[PDB]
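The structure file upload02.cif is reproduced below (mmCIF, C-alpha atoms and all ligand atoms).
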```
data_protein
#
loop_
_atom_site.label_atom_id
_atom_site.label_comp_id
_atom_site.auth_asym_id
_atom_site.auth_seq_id
_atom_site.Cartn_x
_atom_site.Cartn_y
_atom_site.Cartn_z
CA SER A 1 149.54 87.96 90.38
CA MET A 2 148.63 88.48 94.09
CA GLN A 3 147.78 92.15 93.22
CA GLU A 4 145.22 90.84 90.65
CA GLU A 5 143.65 88.40 93.25
CA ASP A 6 143.40 91.42 95.70
CA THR A 7 141.55 93.38 92.87
CA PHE A 8 138.94 90.55 92.43
CA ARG A 9 138.52 90.23 96.26
CA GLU A 10 137.68 94.00 96.45
CA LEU A 11 135.19 93.52 93.54
CA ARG A 12 133.41 90.67 95.46
CA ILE A 13 133.20 92.83 98.69
CA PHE A 14 131.65 95.71 96.63
CA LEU A 15 129.13 93.36 94.87
CA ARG A 16 128.01 91.67 98.15
CA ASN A 17 127.34 95.15 99.72
CA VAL A 18 125.25 96.42 96.69
CA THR A 19 123.26 93.08 96.58
CA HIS A 20 122.48 93.21 100.37
CA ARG A 21 121.14 96.80 100.03
CA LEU A 22 118.77 95.63 97.18
CA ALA A 23 117.69 92.43 99.10
CA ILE A 24 116.58 94.30 102.29
CA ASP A 25 114.36 96.85 100.32
CA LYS A 26 110.67 95.80 100.88
CA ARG A 27 109.81 96.65 97.19
CA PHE A 28 112.17 93.86 96.01
CA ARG A 29 111.04 90.94 98.22
CA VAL A 30 109.49 89.19 95.15
CA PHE A 31 113.07 89.01 93.62
CA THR A 32 114.93 87.59 96.74
CA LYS A 33 114.02 83.87 96.05
CA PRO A 34 113.43 81.75 92.91
CA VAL A 35 109.83 81.60 91.54
CA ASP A 36 108.78 78.24 93.17
CA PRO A 37 108.12 75.32 90.73
CA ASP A 38 105.20 73.88 92.79
CA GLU A 39 103.25 77.20 93.03
CA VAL A 40 104.05 78.20 89.36
CA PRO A 41 104.73 75.06 87.20
CA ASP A 42 104.27 77.12 84.02
CA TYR A 43 107.17 79.53 84.89
CA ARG A 44 110.08 77.34 83.70
CA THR A 45 108.31 76.58 80.36
CA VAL A 46 108.28 80.35 79.48
CA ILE A 47 111.43 81.66 81.31
CA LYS A 48 114.47 79.75 80.07
CA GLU A 49 117.11 81.29 82.49
CA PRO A 50 115.53 82.07 85.91
CA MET A 51 117.52 84.52 88.14
CA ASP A 52 117.05 86.04 91.66
CA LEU A 53 119.13 87.90 94.34
CA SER A 54 119.90 84.68 96.41
CA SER A 55 121.37 83.07 93.23
CA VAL A 56 123.42 86.30 92.60
CA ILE A 57 125.06 86.05 96.11
CA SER A 58 125.85 82.35 95.51
CA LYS A 59 127.47 83.34 92.09
CA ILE A 60 129.61 86.13 93.75
CA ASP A 61 131.04 83.52 96.19
CA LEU A 62 131.69 81.00 93.28
CA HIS A 63 133.86 83.71 91.55
CA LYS A 64 131.45 83.87 88.54
CA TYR A 65 131.78 87.72 88.21
CA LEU A 66 135.18 89.26 87.23
CA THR A 67 133.64 92.65 86.27
CA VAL A 68 130.68 94.87 87.34
CA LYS A 69 129.45 94.53 83.70
CA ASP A 70 128.96 90.70 84.14
CA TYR A 71 127.12 91.28 87.51
CA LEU A 72 124.76 93.86 85.81
CA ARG A 73 123.92 91.24 83.07
CA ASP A 74 122.29 89.10 85.89
CA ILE A 75 120.45 92.18 87.49
CA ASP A 76 119.16 92.95 83.91
CA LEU A 77 117.99 89.25 83.54
CA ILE A 78 115.98 89.49 86.85
CA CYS A 79 114.20 92.60 85.44
CA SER A 80 113.67 91.28 81.81
CA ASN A 81 112.30 87.88 83.14
CA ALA A 82 109.66 89.78 85.24
CA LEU A 83 108.66 92.10 82.24
CA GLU A 84 108.23 89.04 79.91
CA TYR A 85 106.31 86.73 82.26
CA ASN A 86 103.94 89.50 83.63
CA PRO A 87 103.06 91.62 80.50
CA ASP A 88 99.29 92.24 81.01
CA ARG A 89 97.28 95.44 81.93
CA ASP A 90 95.92 94.14 85.24
CA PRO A 91 97.15 95.73 88.48
CA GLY A 92 99.13 92.65 89.77
CA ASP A 93 101.25 92.54 86.51
CA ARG A 94 101.72 96.38 86.45
CA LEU A 95 102.92 96.37 90.13
CA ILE A 96 105.56 93.61 89.40
CA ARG A 97 106.78 95.48 86.27
CA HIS A 98 107.13 98.84 88.23
CA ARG A 99 109.12 97.01 91.00
CA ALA A 100 111.37 95.23 88.37
CA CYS A 101 112.18 98.61 86.69
CA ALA A 102 112.91 100.12 90.19
CA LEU A 103 115.32 97.18 91.07
CA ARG A 104 117.27 97.75 87.75
CA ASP A 105 117.33 101.57 88.11
CA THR A 106 118.36 101.42 91.80
CA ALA A 107 121.29 98.99 91.05
CA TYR A 108 122.58 101.21 88.17
CA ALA A 109 122.27 104.41 90.35
CA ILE A 110 124.30 102.90 93.30
CA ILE A 111 127.00 101.75 90.80
CA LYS A 112 127.12 105.19 89.04
CA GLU A 113 127.70 106.93 92.47
CA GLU A 114 130.00 104.34 94.22
CA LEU A 115 132.03 102.38 91.51
CA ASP A 116 135.32 104.06 90.44
CA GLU A 117 135.50 103.88 86.58
CA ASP A 118 139.30 103.12 86.76
CA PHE A 119 138.62 100.14 89.13
CA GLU A 120 136.14 98.70 86.60
CA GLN A 121 138.61 99.29 83.68
CA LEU A 122 141.35 97.41 85.68
CA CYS A 123 139.01 94.39 86.21
CA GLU A 124 138.13 94.43 82.42
CA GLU A 125 141.87 94.43 81.42
CA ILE A 126 142.81 91.57 83.85
CA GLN A 127 139.73 89.53 82.46
CA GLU A 128 140.85 90.24 78.78
CA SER A 129 144.43 88.98 79.61
CA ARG A 130 143.23 85.53 80.83
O1 LIG B 201 107.46 86.72 88.01
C1 LIG B 201 107.32 86.54 89.16
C2 LIG B 201 108.18 87.22 90.18
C3 LIG B 201 107.45 88.39 90.83
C4 LIG B 201 108.73 89.20 90.68
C5 LIG B 201 109.19 88.21 89.61
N1 LIG B 201 106.30 85.63 89.62
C6 LIG B 201 105.37 84.89 88.78
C7 LIG B 201 104.09 84.67 89.65
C8 LIG B 201 103.02 85.50 89.24
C9 LIG B 201 102.68 86.32 90.41
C10 LIG B 201 101.62 85.71 91.17
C11 LIG B 201 102.09 84.21 91.82
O2 LIG B 201 101.81 83.35 91.07
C12 LIG B 201 103.85 84.29 92.07
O3 LIG B 201 104.38 83.08 92.11
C13 LIG B 201 104.42 85.12 91.03
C14 LIG B 201 105.97 85.27 91.05
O4 LIG B 201 103.86 86.36 91.16
#
```
Kindly transcribe the structure held in the file into structure tokens.
Amino acid sequence: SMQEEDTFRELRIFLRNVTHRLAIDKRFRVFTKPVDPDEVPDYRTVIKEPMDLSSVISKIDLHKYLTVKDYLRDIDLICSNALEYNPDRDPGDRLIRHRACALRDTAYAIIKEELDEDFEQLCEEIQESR
């Protein structure tokens, strides 16, 4: 229905605004672009599904997310990719891991404060009907 297409349009507006707020935070610069294949040729042998905030915006605009739960699966993949590639005790790996945990926690805290639970449940029930 047109009412259902208006629901998904409001979801995309909400997701673009959360993603912009994460992308402008200086802590999260390292997550705003893909890990570059030239500079790190090893990366794509270890990490089988790369993800970053530029790819997330492109996915919003391609209508890949019908719920906030499917958006948070990609924010969780950004964070778990960084924990698995950079697991060592040295300061450069510990700094990346602390930033990855902060990007995940910050996304979940904005959603807990600003997403209406009945709006999410509506998106879930339209998705489950299709
Ligand atoms: O995992 C990441 C991203 C950082 C947030 C996630 N990288 C892997 C490389 C290791 C480290 C040092 C450079 O080699 C640079 O390319 C990366 C980027 O930083």
Exercise. Nearest to residue 80 in chain A: which of A:101, A:8, A:93, A:61 is it, counting only C-alpha atoms?
Worked result: A:101
For this session: Check the smallest atom-to-atom distance from each of A:82, A:53, A:126, A:68 to residue 99 in chain A using only C-alpha atoms, then report the winner.
Result: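 Ranked by minimum distance to residue 99 in chain A, first place goes to A:82.
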For this session: Please write out the residues within 8 Å of ligand LIG 201 (chain B) as a PyMOL selection string, counting only C-alpha atoms and all ligand atoms.
Result: chain A and resi 28+30-31+35-36+39-40+43+78-79+81-83+85-86+92-93+96-97+99-100
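Separating CA of residue 32 in chain A from CA of residue 52 in chain A is a distance of 5.7 Å.
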Problem set entry | Shell of 12 Å around residue 74 in chain A, only C-alpha atoms, local chain residues under 4 positions omitted, as an MDAnalysis selection string | chainID A and resid 19 49:57 59:60 64:65 67:70 78:81 103:104 107
Exercise. Which residue, A:29, A:73, A:63, A:21, has the smallest gap to residue 9 in chain A when you use all atoms listed in the file?
Worked result: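 Closest residue, counting all atoms listed in the file: A:63.
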Exercise. Can you tell me how far CA of residue 75 in chain A sits from CA of residue 108 in chain A, in Å to one decimal?
Worked result: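 Computed distance, CA of residue 75 in chain A to CA of residue 108 in chain A, equals 9.3 Å.
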Problem set entry | Given all atoms listed in the file as the counted atoms, nearest of A:119, A:111, A:129, A:27 to residue 7 in chain A |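 Using all atoms listed in the file, the shortest distance to residue 7 in chain A belongs to A:119.
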Mind giving me the axis-aligned box for range 108-117 of chain A with 4 Å on every side, centre plus edges in Å to one decimal, as AutoDock Vina command-line options?
```
--center_x 128.9 --center_y 104.1 --center_z 90.4 --size_x 21.2 --size_y 13.7 --size_z 15.6
```
Exercise. Which value, in Å to one decimal, gives the distance between CA of residue 38 in chain A and CA of residue 71 in chain A?
Worked result: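 The value is 28.5 Å.
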Problem set entry | Nearest-residue call for residue 116 in chain A, choices A:10, A:42, A:84, A:128, using all atoms listed in the file |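 Looking only at the distances to residue 116 in chain A, the closest residue turns out to be A:10.
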Exercise. Of the candidates A:47, A:2, A:72, A:13, which one gets nearest to residue 106 in chain A if we count all atoms listed in the file?
Worked result: A:72
Output as a PDB file, keeping the file's coordinate frame: range 4-25 of chain A, completed with N, CA, C and O atoms.
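And here is the file that came out, part-v3.pdb:
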```pdb
ATOM      1  N   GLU A   4     146.445  91.106  91.443  1.00  0.00           N
ATOM      2  CA  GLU A   4     145.220  90.840  90.650  1.00  0.00           C
ATOM      3  C   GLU A   4     144.231  90.092  91.558  1.00  0.00           C
ATOM      4  O   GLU A   4     142.985  90.444  91.495  1.00  0.00           O
ATOM      5  N   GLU A   5     144.598  89.106  92.363  1.00  0.00           N
ATOM      6  CA  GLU A   5     143.650  88.400  93.250  1.00  0.00           C
ATOM      7  C   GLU A   5     143.102  89.399  94.305  1.00  0.00           C
ATOM      8  O   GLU A   5     141.879  89.289  94.601  1.00  0.00           O
ATOM      9  N   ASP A   6     143.865  90.369  94.765  1.00  0.00           N
ATOM     10  CA  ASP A   6     143.400  91.420  95.700  1.00  0.00           C
ATOM     11  C   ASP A   6     142.345  92.292  94.968  1.00  0.00           C
ATOM     12  O   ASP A   6     141.309  92.683  95.606  1.00  0.00           O
ATOM     13  N   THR A   7     142.519  92.612  93.690  1.00  0.00           N
ATOM     14  CA  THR A   7     141.550  93.380  92.870  1.00  0.00           C
ATOM     15  C   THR A   7     140.226  92.609  92.861  1.00  0.00           C
ATOM     16  O   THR A   7     139.124  93.221  93.161  1.00  0.00           O
ATOM     17  N   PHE A   8     140.195  91.327  92.487  1.00  0.00           N
ATOM     18  CA  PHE A   8     138.940  90.550  92.430  1.00  0.00           C
ATOM     19  C   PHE A   8     138.282  90.397  93.810  1.00  0.00           C
ATOM     20  O   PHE A   8     137.036  90.376  93.898  1.00  0.00           O
ATOM     21  N   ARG A   9     139.070  90.292  94.881  1.00  0.00           N
ATOM     22  CA  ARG A   9     138.520  90.230  96.260  1.00  0.00           C
ATOM     23  C   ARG A   9     137.757  91.528  96.568  1.00  0.00           C
ATOM     24  O   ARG A   9     136.598  91.446  97.066  1.00  0.00           O
ATOM     25  N   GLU A  10     138.346  92.674  96.245  1.00  0.00           N
ATOM     26  CA  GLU A  10     137.680  94.000  96.450  1.00  0.00           C
ATOM     27  C   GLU A  10     136.395  94.047  95.592  1.00  0.00           C
ATOM     28  O   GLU A  10     135.330  94.506  96.101  1.00  0.00           O
ATOM     29  N   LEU A  11     136.409  93.559  94.363  1.00  0.00           N
ATOM     30  CA  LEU A  11     135.190  93.520  93.540  1.00  0.00           C
ATOM     31  C   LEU A  11     134.121  92.704  94.251  1.00  0.00           C
ATOM     32  O   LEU A  11     132.917  93.161  94.347  1.00  0.00           O
ATOM     33  N   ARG A  12     134.420  91.521  94.785  1.00  0.00           N
ATOM     34  CA  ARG A  12     133.410  90.670  95.460  1.00  0.00           C
ATOM     35  C   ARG A  12     132.848  91.396  96.692  1.00  0.00           C
ATOM     36  O   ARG A  12     131.598  91.313  96.937  1.00  0.00           O
ATOM     37  N   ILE A  13     133.670  92.057  97.506  1.00  0.00           N
ATOM     38  CA  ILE A  13     133.200  92.830  98.690  1.00  0.00           C
ATOM     39  C   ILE A  13     132.195  93.907  98.222  1.00  0.00           C
ATOM     40  O   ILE A  13     131.063  94.013  98.816  1.00  0.00           O
ATOM     41  N   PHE A  14     132.530  94.640  97.171  1.00  0.00           N
ATOM     42  CA  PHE A  14     131.650  95.710  96.630  1.00  0.00           C
ATOM     43  C   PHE A  14     130.321  95.089  96.163  1.00  0.00           C
ATOM     44  O   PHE A  14     129.207  95.608  96.512  1.00  0.00           O
ATOM     45  N   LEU A  15     130.359  93.976  95.414  1.00  0.00           N
ATOM     46  CA  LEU A  15     129.130  93.360  94.870  1.00  0.00           C
ATOM     47  C   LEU A  15     128.250  92.788  95.974  1.00  0.00           C
ATOM     48  O   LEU A  15     126.975  92.884  95.912  1.00  0.00           O
ATOM     49  N   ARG A  16     128.810  92.193  97.030  1.00  0.00           N
ATOM     50  CA  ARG A  16     128.010  91.670  98.150  1.00  0.00           C
ATOM     51  C   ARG A  16     127.265  92.827  98.848  1.00  0.00           C
ATOM     52  O   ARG A  16     126.083  92.691  99.261  1.00  0.00           O
ATOM     53  N   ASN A  17     127.931  93.978  99.026  1.00  0.00           N
ATOM     54  CA  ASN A  17     127.340  95.150  99.720  1.00  0.00           C
ATOM     55  C   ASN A  17     126.186  95.717  98.851  1.00  0.00           C
ATOM     56  O   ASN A  17     125.066  95.948  99.443  1.00  0.00           O
ATOM     57  N   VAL A  18     126.368  95.921  97.556  1.00  0.00           N
ATOM     58  CA  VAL A  18     125.250  96.420  96.690  1.00  0.00           C
ATOM     59  C   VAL A  18     124.087  95.407  96.794  1.00  0.00           C
ATOM     60  O   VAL A  18     122.887  95.811  96.937  1.00  0.00           O
ATOM     61  N   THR A  19     124.340  94.105  96.661  1.00  0.00           N
ATOM     62  CA  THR A  19     123.260  93.080  96.580  1.00  0.00           C
ATOM     63  C   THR A  19     122.494  93.081  97.914  1.00  0.00           C
ATOM     64  O   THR A  19     121.234  92.927  97.898  1.00  0.00           O
ATOM     65  N   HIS A  20     123.185  93.158  99.063  1.00  0.00           N
ATOM     66  CA  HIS A  20     122.480  93.210 100.370  1.00  0.00           C
ATOM     67  C   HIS A  20     121.551  94.404 100.427  1.00  0.00           C
ATOM     68  O   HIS A  20     120.401  94.270 100.935  1.00  0.00           O
ATOM     69  N   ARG A  21     121.957  95.570  99.978  1.00  0.00           N
ATOM     70  CA  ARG A  21     121.140  96.800 100.030  1.00  0.00           C
ATOM     71  C   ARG A  21     119.879  96.606  99.160  1.00  0.00           C
ATOM     72  O   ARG A  21     118.777  97.094  99.520  1.00  0.00           O
ATOM     73  N   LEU A  22     119.954  95.919  98.023  1.00  0.00           N
ATOM     74  CA  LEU A  22     118.770  95.630  97.180  1.00  0.00           C
ATOM     75  C   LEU A  22     117.910  94.620  97.922  1.00  0.00           C
ATOM     76  O   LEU A  22     116.629  94.761  97.971  1.00  0.00           O
ATOM     77  N   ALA A  23     118.452  93.559  98.500  1.00  0.00           N
ATOM     78  CA  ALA A  23     117.690  92.430  99.100  1.00  0.00           C
ATOM     79  C   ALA A  23     116.880  92.831 100.333  1.00  0.00           C
ATOM     80  O   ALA A  23     115.850  92.141 100.582  1.00  0.00           O
ATOM     81  N   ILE A  24     117.303  93.855 101.054  1.00  0.00           N
ATOM     82  CA  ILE A  24     116.580  94.300 102.290  1.00  0.00           C
ATOM     83  C   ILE A  24     115.495  95.287 101.907  1.00  0.00           C
ATOM     84  O   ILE A  24     114.679  95.678 102.844  1.00  0.00           O
ATOM     85  N   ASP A  25     115.406  95.860 100.704  1.00  0.00           N
ATOM     86  CA  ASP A  25     114.360  96.850 100.320  1.00  0.00           C
ATOM     87  C   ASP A  25     113.036  96.106 100.164  1.00  0.00           C
ATOM     88  O   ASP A  25     112.914  95.129  99.400  1.00  0.00           O
TER      89      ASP A  25
END
```
